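Trainee: coords please:
(one chain, ligands or ions: 3)
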Amino acid sequence: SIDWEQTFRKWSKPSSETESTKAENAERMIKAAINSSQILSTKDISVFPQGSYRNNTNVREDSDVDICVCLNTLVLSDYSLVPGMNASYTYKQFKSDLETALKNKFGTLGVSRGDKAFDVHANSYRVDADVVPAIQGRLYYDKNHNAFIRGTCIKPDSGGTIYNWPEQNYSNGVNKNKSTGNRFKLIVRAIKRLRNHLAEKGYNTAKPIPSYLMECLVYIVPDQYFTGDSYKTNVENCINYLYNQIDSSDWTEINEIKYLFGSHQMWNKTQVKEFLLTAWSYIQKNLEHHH
Ligand SMILES: O=c1ccn([C@@H]2O[C@H](COP(=O)(O)OP(=O)(O)OP(=O)(O)O)[C@@H](O)[C@H]2O)c(=O)[nH]1
Ligand SMILES: [Mg+2]
Ligand SMILES: [Mg+2]
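Mentor: Residues are numbered from 1 along each chain as shown. Ligands and ions are numbered 1, 2, ... in the order given. Have a look at this structure:
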């Protein structure tokens, strides 16, 4: 007998009241690591927060701050939408120099290299951050030199190319929060805590559902479903809409550029539907049946 209205209202809160301070500190310290690097301080590099701290969708106190370190002067362009359309400092050298800069500022005990990002955990600066090296990415929509959208590009150690759209994610999230009178991100956080709750209780359908996927999914739900004074009704509306529309959908991420499903993603629609069914059952009272 969970009071789901009061539970979702509680779970709609930020991870803490000091999120902005944690994110500011992470960003400042990563910039300081760059500035103290002889090689990197001479480069056109942007350091910025992304992820749930930047978007105010974080719910875990122990979430690492996501920091992007972007070398703006290396460009990778996607020409796939335009019929017929087609340096000395490399991404690999950049990533190695970034690893060295982070080890120099925070110590080797505070830095590990993953496939995509560096894990920085340095009690001395109170920094817990996932620091990803990126370059400028572009998606062309016409053959003219100016006809592109700008984002970031990641080149993992294991190969391949990842396009990200952090500024577009942030702006569209802000706009939807405005259009819903702040209910959008409240419900994102409520649903992220619901997922974490189910995963901690051993529900296997909740385990392959990542935070960013849920943020994208809730963004997809039309604004009308966020109205009213019942957070429980909002959450139910989200589950209902998503479950009944996902099969025929061709949805994008919150940036409205990248497709939410496909071979470029680690999640699929079947996982999402199974999680939605689990969440729908768990939220009900006095259910006598189980499948
Ligand atoms: O599969 C992914 C994962 C991550 N990302 C991009 O990297 C950002 C940081 O990756 P995170 O996994 O940390 O997601 P998050 O910050 O939104 O959620 P929590 O930490 O609160 O769990 C994400 O918000 C997303 O923008 C993707 O584009 N695709
Ligand atoms: Mg994060
Ligand atoms: Mg992260």
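Trainee: List the contacts of residue 274.
Mentor: Counting by C-beta atoms under 8 Å, 6 or more residues apart in numbering, residue 274 makes contact with residue 205. C-beta coordinates here come from the backbone N, C-alpha and C atoms, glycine included.
Trainee: any idea whether it is helix, strand or coil?
Mentor: Secondary structure, DSSP: H, G, I helix; E, B strand; the rest coil: residue 274 is helix.
Trainee: Tell me the spacing between the residue of the stretch 1-150 of the chain found nearest ligand 3 and residue 163.
Mentor: Proximity of the stretch 1-150 of the chain to ligand 3 (C-beta to the ion) peaks at residue 130, 3.8 Å away. Going from residue 130 to residue 163 by C-beta to C-beta, to the nearest Å gives 18 Å.
Trainee: Residue 284 too?
Mentor: Residue 284 sits at a distance of 39 Å from residue 163 (criterion: C-beta to C-beta).
Trainee: now residue 212
Mentor: For residue 212 relative to residue 163 (C-beta to C-beta), the value is 14 Å.
Trainee: do the same with residue 181
Mentor: Look at residue 181 and residue 163: by C-beta to C-beta, they are 32 Å apart.
Trainee: The two: which is more packed in?
Mentor: A direct count of neighbours by other C-beta atoms under 10 Å for residue 181 and residue 163 places residue 163 higher, at 19 against 11.
Trainee: ok so the more buried one is a strand residue?
Mentor: Yes. Counting by three-state DSSP, residue 163 is found in a strand.
Trainee: check contacts around it.
Mentor: Neighbouring residues of residue 163 by C-beta under 8 Å, 6+ apart: 78, 137, 139, 151-153, 258.
Trainee: If you drop the residues flanking it in sequence, what lies closest to the closest residue to ligand 2 within the stretch 51-200 of the chain?
Mentor: Among the residues of the stretch 51-200 of the chain, residue 51 lies closest to ligand 2, at 3.6 Å counting by C-beta to the ion. Distances taken as C-beta to C-beta, 6 or more residues apart in numbering place residue 66 nearest to residue 51, at 2.9 Å, with adjacent residues excluded.
Trainee: now swap in residue 47 and tell me
Mentor: Per C-beta to C-beta, 6+ apart, closest to residue 47 is residue 31, 4.7 Å.
Trainee: In terms of helix, strand or coil, where does the one you found fall?
Mentor: Here residue 31 is recorded as helix under three-state DSSP.
Trainee: Test my guess that it contacts residue 48.
Mentor: No. Using C-beta atoms under 8 Å, residue 31 is not in contact with residue 48; the gap is 9.4 Å.
Trainee: one step back: just the contacts of residue 163 now: which is nearest ligand 1?
Mentor: Lowest distance from ligand 1 to these (C-beta to the nearest ligand atom) belongs to residue 258, with 7.7 Å.
Trainee: all helices of the stretch 1-150 of the chain, in order?
Mentor: 4-11, 19-35, 51-55, 91-106 (DSSP state H, counting those that start in this stretch).
Trainee: May I see these arranged in CSV, with distance to ligand 3 as well?
Mentor: CSV is the format used below for the helices of the stretch 1-150 of the chain (distance: least, C-beta to the ion, whole Å):
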stretch, distance to ligand 3
helix 4-11, 20
helix 19-35, 11
helix 51-55, 6
helix 91-106, 15
